[PDB]
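As provided, target-v8.txt (compact mmCIF, C-alpha atoms and all ligand atoms) reads as follows.
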# COMPACT_ATOMS: atom_id res chain seq x y z
CA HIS A 4 76.56 114.91 104.24
CA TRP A 5 77.13 114.63 107.98
CA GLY A 6 77.91 111.34 109.65
CA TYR A 7 80.35 109.71 112.05
CA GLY A 8 83.43 109.17 109.87
CA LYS A 9 86.75 110.97 110.03
CA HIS A 10 85.76 113.42 107.32
CA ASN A 11 82.13 114.10 108.26
CA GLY A 12 81.96 113.30 111.96
CA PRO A 13 81.07 115.39 115.00
CA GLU A 14 84.11 117.71 114.76
CA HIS A 15 82.93 118.82 111.30
CA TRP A 16 79.26 119.35 112.03
CA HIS A 17 79.66 122.99 113.08
CA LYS A 18 80.43 124.00 109.48
CA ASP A 19 76.89 123.23 108.31
CA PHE A 20 75.23 123.54 111.76
CA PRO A 21 76.91 126.36 113.67
CA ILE A 22 74.67 125.70 116.66
CA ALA A 23 76.98 122.74 117.24
CA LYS A 24 79.02 125.20 119.31
CA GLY A 25 76.01 126.65 121.06
CA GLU A 26 75.16 127.26 124.69
CA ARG A 27 73.04 124.19 125.39
CA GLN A 28 74.47 121.35 123.32
CA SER A 29 74.13 117.64 124.11
CA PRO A 30 75.30 115.15 125.20
CA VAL A 31 77.26 116.13 128.30
CA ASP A 32 79.24 114.43 130.98
CA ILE A 33 77.14 113.97 134.11
CA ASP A 34 79.40 114.72 137.06
CA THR A 35 77.51 112.91 139.80
CA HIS A 36 79.19 114.84 142.61
CA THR A 37 78.27 118.22 141.05
CA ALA A 38 74.68 117.37 140.09
CA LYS A 39 72.38 118.58 142.78
CA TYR A 40 69.36 116.85 144.19
CA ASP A 41 66.25 118.93 143.54
CA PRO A 42 63.49 117.81 145.96
CA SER A 43 60.97 119.80 143.91
CA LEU A 44 61.44 117.43 140.95
CA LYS A 45 58.50 115.07 140.69
CA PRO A 46 58.52 111.41 139.78
CA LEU A 47 58.52 110.71 136.09
CA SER A 48 55.25 109.50 134.63
CA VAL A 49 55.92 107.09 131.76
CA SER A 50 52.55 106.07 130.31
CA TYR A 51 53.35 103.61 127.52
CA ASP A 52 50.45 101.14 127.97
CA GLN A 53 48.66 102.34 124.80
CA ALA A 54 51.78 102.75 122.64
CA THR A 55 51.31 102.05 118.92
CA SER A 56 54.59 101.24 117.21
CA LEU A 57 54.46 101.25 113.43
CA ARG A 58 57.75 100.72 111.74
CA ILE A 59 61.50 100.46 112.03
CA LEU A 60 63.80 102.38 109.70
CA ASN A 61 67.53 102.39 109.04
CA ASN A 62 68.13 106.06 108.20
CA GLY A 63 71.86 105.75 107.60
CA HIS A 64 72.76 107.07 111.06
CA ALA A 65 70.87 104.74 113.40
CA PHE A 66 67.60 102.81 113.33
CA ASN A 67 64.38 104.38 114.46
CA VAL A 68 61.35 102.63 115.84
CA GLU A 69 58.45 104.95 114.99
CA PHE A 70 55.15 105.36 116.82
CA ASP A 71 51.74 106.77 116.03
CA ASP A 72 51.87 110.20 117.70
CA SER A 73 48.52 111.48 116.37
CA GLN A 74 46.90 110.98 119.81
CA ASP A 75 48.04 110.78 123.45
CA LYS A 76 48.85 107.05 123.37
CA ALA A 77 52.37 106.85 124.77
CA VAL A 78 53.29 109.93 126.78
CA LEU A 79 55.87 111.21 129.20
CA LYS A 80 54.85 113.72 131.87
CA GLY A 81 55.95 114.80 135.29
CA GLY A 82 59.54 114.96 136.38
CA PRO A 83 60.90 118.33 135.24
CA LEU A 84 58.23 118.61 132.55
CA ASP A 85 55.21 120.87 132.25
CA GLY A 86 52.52 119.36 130.10
CA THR A 87 52.40 116.22 128.04
CA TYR A 88 55.03 114.91 125.65
CA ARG A 89 54.17 112.28 123.07
CA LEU A 90 56.48 109.47 122.07
CA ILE A 91 57.39 109.78 118.39
CA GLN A 92 60.30 107.37 118.05
CA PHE A 93 63.20 105.72 119.79
CA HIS A 94 66.69 104.96 118.55
CA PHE A 95 70.07 103.99 119.95
CA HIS A 96 73.70 105.02 119.76
CA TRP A 97 76.35 102.33 120.16
CA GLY A 98 80.02 101.54 119.88
CA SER A 99 82.35 99.28 118.00
CA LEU A 100 83.51 97.92 121.38
CA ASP A 101 81.73 97.53 124.71
CA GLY A 102 83.79 100.34 126.32
CA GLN A 103 82.23 103.05 124.19
CA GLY A 104 78.96 103.91 122.50
CA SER A 105 76.97 106.11 124.84
CA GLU A 106 76.58 109.82 124.25
CA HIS A 107 76.12 110.94 127.82
CA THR A 108 78.81 109.82 130.22
CA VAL A 109 78.67 109.43 133.98
CA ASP A 110 81.78 110.71 135.75
CA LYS A 111 83.45 110.22 132.36
CA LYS A 112 82.30 106.61 132.13
CA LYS A 113 81.09 105.52 128.74
CA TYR A 114 78.46 102.84 128.37
CA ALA A 115 78.19 100.35 125.51
CA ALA A 116 75.14 102.09 124.11
CA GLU A 117 72.41 104.60 124.87
CA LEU A 118 68.70 104.47 124.10
CA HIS A 119 66.83 107.71 123.31
CA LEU A 120 63.05 107.76 123.55
CA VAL A 121 62.06 110.99 121.82
CA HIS A 122 58.89 112.84 122.83
CA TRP A 123 57.39 116.16 121.75
CA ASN A 124 55.33 118.73 123.68
CA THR A 125 51.72 118.48 122.53
CA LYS A 127 51.13 122.14 123.03
CA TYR A 128 53.10 122.77 119.85
CA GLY A 129 50.86 120.53 117.75
CA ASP A 130 53.48 118.64 115.76
CA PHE A 131 57.10 117.57 116.07
CA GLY A 132 58.36 119.99 113.44
CA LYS A 133 56.98 122.95 115.39
CA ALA A 134 58.15 121.52 118.68
CA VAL A 135 61.80 121.35 117.63
CA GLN A 136 61.72 125.14 117.17
CA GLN A 137 60.89 125.66 120.85
CA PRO A 138 63.20 125.57 123.91
CA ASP A 139 60.80 123.19 125.66
CA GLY A 140 59.63 121.35 122.57
CA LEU A 141 61.12 117.91 123.20
CA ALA A 142 61.76 115.57 126.11
CA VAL A 143 64.24 112.77 125.47
CA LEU A 144 64.44 109.89 127.92
CA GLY A 145 67.97 108.52 127.80
CA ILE A 146 68.79 105.05 129.08
CA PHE A 147 72.27 103.58 129.23
CA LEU A 148 73.01 100.03 128.05
CA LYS A 149 75.71 97.87 129.57
CA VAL A 150 76.73 94.42 128.32
CA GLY A 151 75.81 91.54 130.60
CA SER A 152 72.56 89.58 130.70
CA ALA A 153 70.15 89.79 127.79
CA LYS A 154 67.27 92.25 127.81
CA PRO A 155 64.23 90.20 126.75
CA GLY A 156 62.25 93.24 125.69
CA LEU A 157 64.97 94.21 123.25
CA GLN A 158 65.01 90.92 121.39
CA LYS A 159 62.14 91.75 119.01
CA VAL A 160 64.19 94.75 117.87
CA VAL A 161 67.38 92.73 117.46
CA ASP A 162 65.65 90.10 115.38
CA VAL A 163 64.26 92.51 112.76
CA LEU A 164 67.60 94.24 112.09
CA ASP A 165 68.54 91.74 109.35
CA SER A 166 65.61 93.13 107.37
CA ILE A 167 66.84 96.75 107.60
CA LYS A 168 70.56 96.26 107.20
CA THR A 169 71.18 99.18 104.88
CA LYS A 170 70.24 102.84 104.68
CA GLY A 171 66.68 103.54 103.56
CA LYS A 172 65.32 100.13 104.45
CA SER A 173 62.23 99.91 106.64
CA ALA A 174 60.04 97.15 107.96
CA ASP A 175 56.70 96.83 109.69
CA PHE A 176 57.19 96.95 113.44
CA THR A 177 53.77 96.99 115.05
CA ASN A 178 52.80 95.88 118.53
CA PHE A 179 56.18 96.57 120.11
CA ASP A 180 55.99 97.47 123.79
CA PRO A 181 58.65 100.02 124.78
CA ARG A 182 58.04 99.34 128.46
CA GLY A 183 60.29 96.32 127.98
CA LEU A 184 63.28 98.60 127.46
CA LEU A 185 63.03 100.39 130.82
CA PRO A 186 65.08 99.65 133.93
CA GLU A 187 63.45 99.11 137.31
CA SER A 188 64.16 102.57 138.74
CA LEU A 189 63.06 105.85 137.18
CA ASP A 190 65.61 107.90 139.16
CA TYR A 191 67.07 110.45 136.75
CA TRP A 192 69.26 113.42 136.04
CA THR A 193 67.85 116.28 133.99
CA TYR A 194 69.29 119.29 132.15
CA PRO A 195 68.38 121.53 129.16
CA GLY A 196 70.11 120.49 125.95
CA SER A 197 69.82 119.67 122.29
CA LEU A 198 69.35 117.02 119.67
CA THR A 199 72.60 115.11 119.41
CA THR A 200 72.40 114.84 115.61
CA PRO A 201 72.09 117.63 113.09
CA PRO A 202 70.23 119.97 113.11
CA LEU A 203 71.38 119.97 116.78
CA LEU A 204 68.46 122.16 117.77
CA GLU A 205 68.39 123.37 121.37
CA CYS A 206 64.89 122.15 122.14
CA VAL A 207 65.33 119.18 124.47
CA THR A 208 64.70 118.64 128.15
CA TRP A 209 67.02 115.71 128.77
CA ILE A 210 65.99 113.10 131.29
CA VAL A 211 68.76 110.52 131.74
CA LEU A 212 68.00 107.50 133.91
CA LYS A 213 70.61 106.57 136.46
CA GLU A 214 70.03 102.83 136.21
CA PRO A 215 71.33 101.21 133.01
CA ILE A 216 69.67 98.27 131.35
CA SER A 217 71.71 95.15 130.63
CA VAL A 218 71.84 93.67 127.13
CA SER A 219 73.76 90.62 126.00
CA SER A 220 76.90 90.60 123.92
CA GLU A 221 74.91 88.85 121.17
CA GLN A 222 72.31 91.62 121.24
CA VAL A 223 74.82 94.44 120.82
CA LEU A 224 76.77 92.44 118.24
CA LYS A 225 73.62 92.46 116.13
CA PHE A 226 73.47 96.27 116.30
CA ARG A 227 77.03 96.32 114.95
CA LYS A 228 76.04 94.30 111.85
CA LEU A 229 73.91 97.14 110.53
CA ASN A 230 75.28 99.30 107.76
CA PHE A 231 75.57 103.05 107.33
CA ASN A 232 75.62 102.60 103.56
CA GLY A 233 72.81 101.79 101.19
CA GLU A 234 72.24 98.49 99.41
CA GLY A 235 74.75 97.96 96.63
CA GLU A 236 77.36 100.24 98.19
CA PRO A 237 80.60 99.21 99.92
CA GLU A 238 79.86 97.98 103.41
CA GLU A 239 80.53 100.38 106.26
CA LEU A 240 79.42 98.93 109.56
CA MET A 241 77.06 101.10 111.58
CA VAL A 242 79.16 101.47 114.73
CA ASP A 243 80.31 104.42 116.83
CA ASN A 244 77.31 106.54 115.86
CA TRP A 245 77.63 108.65 119.00
CA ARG A 246 78.47 112.29 119.53
CA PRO A 247 80.93 112.88 122.39
CA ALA A 248 80.30 115.01 125.45
CA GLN A 249 79.95 118.76 124.82
CA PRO A 250 80.73 121.68 127.15
CA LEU A 251 78.23 122.11 129.95
CA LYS A 252 78.61 125.88 129.89
CA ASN A 253 76.01 127.76 131.96
CA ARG A 254 73.92 124.77 132.94
CA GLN A 255 73.26 122.78 136.09
CA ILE A 256 72.34 119.11 136.02
CA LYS A 257 69.69 118.27 138.59
CA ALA A 258 69.12 114.87 140.18
CA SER A 259 65.76 113.42 141.19
CA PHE A 260 67.40 111.32 143.89
CA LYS A 261 69.85 111.65 146.76
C1 LIG B 1 65.16 116.25 112.97
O1 LIG B 1 64.35 115.16 112.71
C2 LIG B 1 64.17 114.25 113.77
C3 LIG B 1 65.13 114.11 114.78
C4 LIG B 1 64.91 113.20 115.80
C5 LIG B 1 65.97 113.05 116.91
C6 LIG B 1 67.16 113.49 116.75
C7 LIG B 1 68.15 113.32 117.93
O2 LIG B 1 67.70 112.74 118.99
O3 LIG B 1 69.31 113.74 117.88
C8 LIG B 1 63.75 112.43 115.83
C9 LIG B 1 62.79 112.57 114.83
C10 LIG B 1 63.02 113.48 113.81
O4 LIG B 1 62.07 113.65 112.75
ZN ZN B 2 69.92 109.99 119.99
What is this file in structure tokens?
Ligand SMILES: COc1cc(/C=C/C(=O)O)ccc1O
Ligand SMILES: [Zn+2]
Amino acid sequence: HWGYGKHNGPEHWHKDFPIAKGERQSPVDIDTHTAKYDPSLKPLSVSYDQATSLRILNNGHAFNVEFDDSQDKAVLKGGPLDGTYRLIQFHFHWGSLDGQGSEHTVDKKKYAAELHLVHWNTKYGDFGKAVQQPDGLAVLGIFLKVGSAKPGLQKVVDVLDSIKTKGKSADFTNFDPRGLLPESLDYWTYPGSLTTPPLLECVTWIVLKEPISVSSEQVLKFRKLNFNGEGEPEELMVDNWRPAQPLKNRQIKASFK
């Protein structure tokens, strides 16, 4: 099965998922001097006030905080998007060391981690249909750097002990994802893909320019999770990031000058 080890990591994924070498794969390096300001891009609308989180799950690759997406409760609109995209889950990618962990890079710079808030286009009715469409998903990507603690992350950090191993889940209601956002919603945007198999090319990426700061203790707690299941040899869940893929025939646009 695919993962992030030497024998099943990103360089192997193309064998089961040939789209791994496709025309709009993610993540990418964001070359800030080549991205072009697009004054026709509108401000992002992040409407998370009615979000209903449900549960947190260690799926053996990351942990996912899942939301009720059966109504327009937490939605992303505006920016490069047409229509309304519902939040279904968020998850992170992180490193074994603070100098790596993010999937997107900025002028080749790697952040300690990267948060992905995954949303699907409501005109396709459900997430499974949306991932089959070129405009089916919108993923809001937010870089994490190590410095001061992020208070709105702490509730997440403190439940991780209860989902240490693959397949474990826990109730995670009443979590407010607004506490994970930076101050500015300035972003870069480009058409890309899921960054895990099946690597489907259905994502409008919206990557915020401003990172959030988390504490060393917070990220250290991420690194105590396990890729393995309970009663298996411990393999720490670290370095669960896919590296930058070729930009190919794509232009990254910036919402800001
Ligand atoms: C394919 O199943 C799923 C994939 C994702 C996200 C994947 C990614 O961001 O790479 C989220 C929910 C899913 O049910
Ligand atoms: Zn991701």
Skip residue 53 (chain A) itself and residues of its chain fewer than 3 positions away, then list as a short mmCIF file (atom, residue, chain, number, x, y, z; two decimals) with C-alpha atoms, in the coordinates of the input all residues within 8 Å of it, counting only C-alpha atoms.
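The file below, result_27.cif, is the result:
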data_model
loop_
_atom_site.label_atom_id
_atom_site.label_comp_id
_atom_site.auth_asym_id
_atom_site.auth_seq_id
_atom_site.Cartn_x
_atom_site.Cartn_y
_atom_site.Cartn_z
CA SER A 50 52.55 106.07 130.31
CA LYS A 76 48.85 107.05 123.37
CA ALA A 77 52.37 106.85 124.77
#
Hey, could you make a per-residue contact list for region 101-121 of chain A against region 219-228 of chain A with 9 Å as the cut-off, showing the nearest pair of atoms and its distance in Å to one decimal, counting all atoms listed in the file, sorted by chain and number, as a tab-separated table?
residue	atom	partner	partner_atom	distance
A:101	CA	A:220	CA	8.5
A:115	CA	A:223	CA	8.3
A:116	CA	A:223	CA	8.3
Leaving out region 238-243 of chain A and any residue of its chain fewer than 6 positions from it, which residues lie within 6 Å of it when counting all atoms listed in the file, given as a PyMOL selection string? chain A and resi 97-99+104+227+229-231
Write out, as an mmCIF file, in the frame of the given file, the residues just selected, with C-alpha atoms.
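Result file is again30.cif:
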data_model
loop_
_atom_site.group_PDB
_atom_site.id
_atom_site.type_symbol
_atom_site.label_atom_id
_atom_site.label_comp_id
_atom_site.auth_asym_id
_atom_site.auth_seq_id
_atom_site.Cartn_x
_atom_site.Cartn_y
_atom_site.Cartn_z
ATOM 1 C CA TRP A 97 76.350 102.330 120.160
ATOM 2 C CA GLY A 98 80.020 101.540 119.880
ATOM 3 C CA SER A 99 82.350 99.280 118.000
ATOM 4 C CA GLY A 104 78.960 103.910 122.500
ATOM 5 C CA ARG A 227 77.030 96.320 114.950
ATOM 6 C CA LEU A 229 73.910 97.140 110.530
ATOM 7 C CA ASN A 230 75.280 99.300 107.760
ATOM 8 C CA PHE A 231 75.570 103.050 107.330
#
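Picture a line from CA of residue 49 (chain A) to CA of residue 167 (chain A); it runs 28.5 Å.
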How many Å separate CA of residue 204 (chain A) from CA of residue 192 (chain A)? 20.3 Å
Just want the 8 Å neighbourhood of residue 247 (chain A), counted on all atoms listed in the file, with same-chain residues fewer than 4 positions away dropped. Output as a compact mmCIF listing (two decimals) with C-alpha atoms, keeping the file's coordinate frame.
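Saved the output as part_29.txt:
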# COMPACT_ATOMS: atom_id res chain seq x y z
CA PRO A 13 81.07 115.39 115.00
CA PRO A 30 75.30 115.15 125.20
CA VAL A 31 77.26 116.13 128.30
CA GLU A 106 76.58 109.82 124.25
CA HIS A 107 76.12 110.94 127.82
From (76.3, 118.7, 114.3), in the file's coordinates, out to 9 Å: which residues are reached, counting all atoms listed in the file? Answer as a PyMOL selection string. chain A and resi 5-6+12-24+198-203+246
Residues as selected, C-alpha atoms, written as a PDB file, keeping the file's coordinate frame, can you do that?
ATOM      1  CA  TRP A   5      77.130 114.630 107.980  1.00  0.00           C
ATOM      2  CA  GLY A   6      77.910 111.340 109.650  1.00  0.00           C
ATOM      3  CA  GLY A  12      81.960 113.300 111.960  1.00  0.00           C
ATOM      4  CA  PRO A  13      81.070 115.390 115.000  1.00  0.00           C
ATOM      5  CA  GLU A  14      84.110 117.710 114.760  1.00  0.00           C
ATOM      6  CA  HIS A  15      82.930 118.820 111.300  1.00  0.00           C
ATOM      7  CA  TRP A  16      79.260 119.350 112.030  1.00  0.00           C
ATOM      8  CA  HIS A  17      79.660 122.990 113.080  1.00  0.00           C
ATOM      9  CA  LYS A  18      80.430 124.000 109.480  1.00  0.00           C
ATOM     10  CA  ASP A  19      76.890 123.230 108.310  1.00  0.00           C
ATOM     11  CA  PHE A  20      75.230 123.540 111.760  1.00  0.00           C
ATOM     12  CA  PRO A  21      76.910 126.360 113.670  1.00  0.00           C
ATOM     13  CA  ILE A  22      74.670 125.700 116.660  1.00  0.00           C
ATOM     14  CA  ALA A  23      76.980 122.740 117.240  1.00  0.00           C
ATOM     15  CA  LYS A  24      79.020 125.200 119.310  1.00  0.00           C
ATOM     16  CA  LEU A 198      69.350 117.020 119.670  1.00  0.00           C
ATOM     17  CA  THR A 199      72.600 115.110 119.410  1.00  0.00           C
ATOM     18  CA  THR A 200      72.400 114.840 115.610  1.00  0.00           C
ATOM     19  CA  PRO A 201      72.090 117.630 113.090  1.00  0.00           C
ATOM     20  CA  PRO A 202      70.230 119.970 113.110  1.00  0.00           C
ATOM     21  CA  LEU A 203      71.380 119.970 116.780  1.00  0.00           C
ATOM     22  CA  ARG A 246      78.470 112.290 119.530  1.00  0.00           C
TER      23      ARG A 246
END
Contacts to ligand ZN 2 (chain B) at 9 Å cut-off (all atoms listed in the file) as a compact mmCIF listing (two decimals) with C-alpha atoms, in the coordinates of the input:
# COMPACT_ATOMS: atom_id res chain seq x y z
CA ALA A 65 70.87 104.74 113.40
CA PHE A 93 63.20 105.72 119.79
CA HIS A 94 66.69 104.96 118.55
CA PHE A 95 70.07 103.99 119.95
CA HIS A 96 73.70 105.02 119.76
CA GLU A 106 76.58 109.82 124.25
CA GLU A 117 72.41 104.60 124.87
CA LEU A 118 68.70 104.47 124.10
CA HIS A 119 66.83 107.71 123.31
CA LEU A 120 63.05 107.76 123.55
CA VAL A 121 62.06 110.99 121.82
CA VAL A 143 64.24 112.77 125.47
CA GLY A 145 67.97 108.52 127.80
CA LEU A 198 69.35 117.02 119.67
CA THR A 199 72.60 115.11 119.41
CA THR A 200 72.40 114.84 115.61
CA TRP A 245 77.63 108.65 119.00
CA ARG A 246 78.47 112.29 119.53
Given the point (71.8, 113.2, 130.2) in the file's coordinates, find the residues that have an atom at most 10 Å from it, counting all atoms listed in the file, and give them as a short mmCIF file (atom, residue, chain, number, x, y, z; two decimals) with C-alpha atoms, in the coordinates of the input.
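Heads up, here's the output in part37.cif:
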data_model
loop_
_atom_site.label_atom_id
_atom_site.label_comp_id
_atom_site.auth_asym_id
_atom_site.auth_seq_id
_atom_site.Cartn_x
_atom_site.Cartn_y
_atom_site.Cartn_z
CA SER A 29 74.13 117.64 124.11
CA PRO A 30 75.30 115.15 125.20
CA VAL A 31 77.26 116.13 128.30
CA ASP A 32 79.24 114.43 130.98
CA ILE A 33 77.14 113.97 134.11
CA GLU A 106 76.58 109.82 124.25
CA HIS A 107 76.12 110.94 127.82
CA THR A 108 78.81 109.82 130.22
CA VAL A 109 78.67 109.43 133.98
CA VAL A 143 64.24 112.77 125.47
CA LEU A 144 64.44 109.89 127.92
CA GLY A 145 67.97 108.52 127.80
CA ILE A 146 68.79 105.05 129.08
CA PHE A 147 72.27 103.58 129.23
CA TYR A 191 67.07 110.45 136.75
CA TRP A 192 69.26 113.42 136.04
CA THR A 193 67.85 116.28 133.99
CA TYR A 194 69.29 119.29 132.15
CA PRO A 195 68.38 121.53 129.16
CA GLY A 196 70.11 120.49 125.95
CA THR A 208 64.70 118.64 128.15
CA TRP A 209 67.02 115.71 128.77
CA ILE A 210 65.99 113.10 131.29
CA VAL A 211 68.76 110.52 131.74
CA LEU A 212 68.00 107.50 133.91
CA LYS A 213 70.61 106.57 136.46
CA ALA A 248 80.30 115.01 125.45
CA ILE A 256 72.34 119.11 136.02
#
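Across the model, the gap from atom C2 of ligand LIG 1 (chain B) to CA of residue 197 (chain A) is 11.6 Å.
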Would you mind listing, for every residue of region 12-55 of chain A within 8 Å of region 175-187 of chain A, the two atoms forming the shortest contact and the distance between them in Å to one decimal, using only C-alpha atoms, sorted by chain and ascending residue number, as a Markdown table?
| residue | atom | partner | partner_atom | distance |
| --- | --- | --- | --- | --- |
| A:51 | CA | A:182 | CA | 6.4 |
| A:52 | CA | A:182 | CA | 7.8 |
| A:54 | CA | A:180 | CA | 6.9 |
| A:55 | CA | A:178 | CA | 6.4 |
Using all atoms listed in the file, determine which residues lie at most 9 Å from residue 82 (chain A), disregarding the query and same-chain residues fewer than 3 positions distant; provide the list as a PDB file with C-alpha atoms, keeping the file's coordinate frame.
ATOM      1  CA  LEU A  44      61.440 117.430 140.950  1.00  0.00           C
ATOM      2  CA  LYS A  45      58.500 115.070 140.690  1.00  0.00           C
ATOM      3  CA  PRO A  46      58.520 111.410 139.780  1.00  0.00           C
ATOM      4  CA  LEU A  47      58.520 110.710 136.090  1.00  0.00           C
ATOM      5  CA  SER A  48      55.250 109.500 134.630  1.00  0.00           C
ATOM      6  CA  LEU A  79      55.870 111.210 129.200  1.00  0.00           C
ATOM      7  CA  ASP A  85      55.210 120.870 132.250  1.00  0.00           C
ATOM      8  CA  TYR A 191      67.070 110.450 136.750  1.00  0.00           C
ATOM      9  CA  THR A 193      67.850 116.280 133.990  1.00  0.00           C
ATOM     10  CA  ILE A 210      65.990 113.100 131.290  1.00  0.00           C
ATOM     11  CA  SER A 259      65.760 113.420 141.190  1.00  0.00           C
TER      12      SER A 259
END
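Considering the residues A:111, A:27, A:154, A:58 and counting all atoms listed in the file, residue 217 (chain A) has its shortest atom-to-atom contact with A:154.
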Using only C-alpha atoms, pick whichever of A:92, A:87, A:103, A:43 has the shortest atom-to-atom distance to residue 69 (chain A). A:92
With 6 Å on each side, where is the centre of the axis-aligned box around all listed atoms of region 146-158 of chain A, and how long are its edges in Å to one decimal, as JSON?
{"center_x": 69.5, "center_y": 97.3, "center_z": 126.0, "size_x": 26.5, "size_y": 27.5, "size_z": 21.3}
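With only C-alpha atoms as the atoms that count, the minimum distance from residue 88 (chain A) to the choices A:127, A:64, A:36, A:172 is reached by A:127.
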Counting only C-alpha atoms and all ligand atoms, which of A:125, A:152, A:62, A:158 gets nearest to ligand LIG 1 (chain B)? A:62
Given the choices A:102, A:83, A:140, A:42, which gets closest to ligand LIG 1 (chain B) if the distance is worked out from only C-alpha atoms and all ligand atoms? A:140
Would you please work out which residue, of A:206, A:160, A:174, A:150, is nearest to ligand LIG 1 (chain B) when using only C-alpha atoms and all ligand atoms? A:206
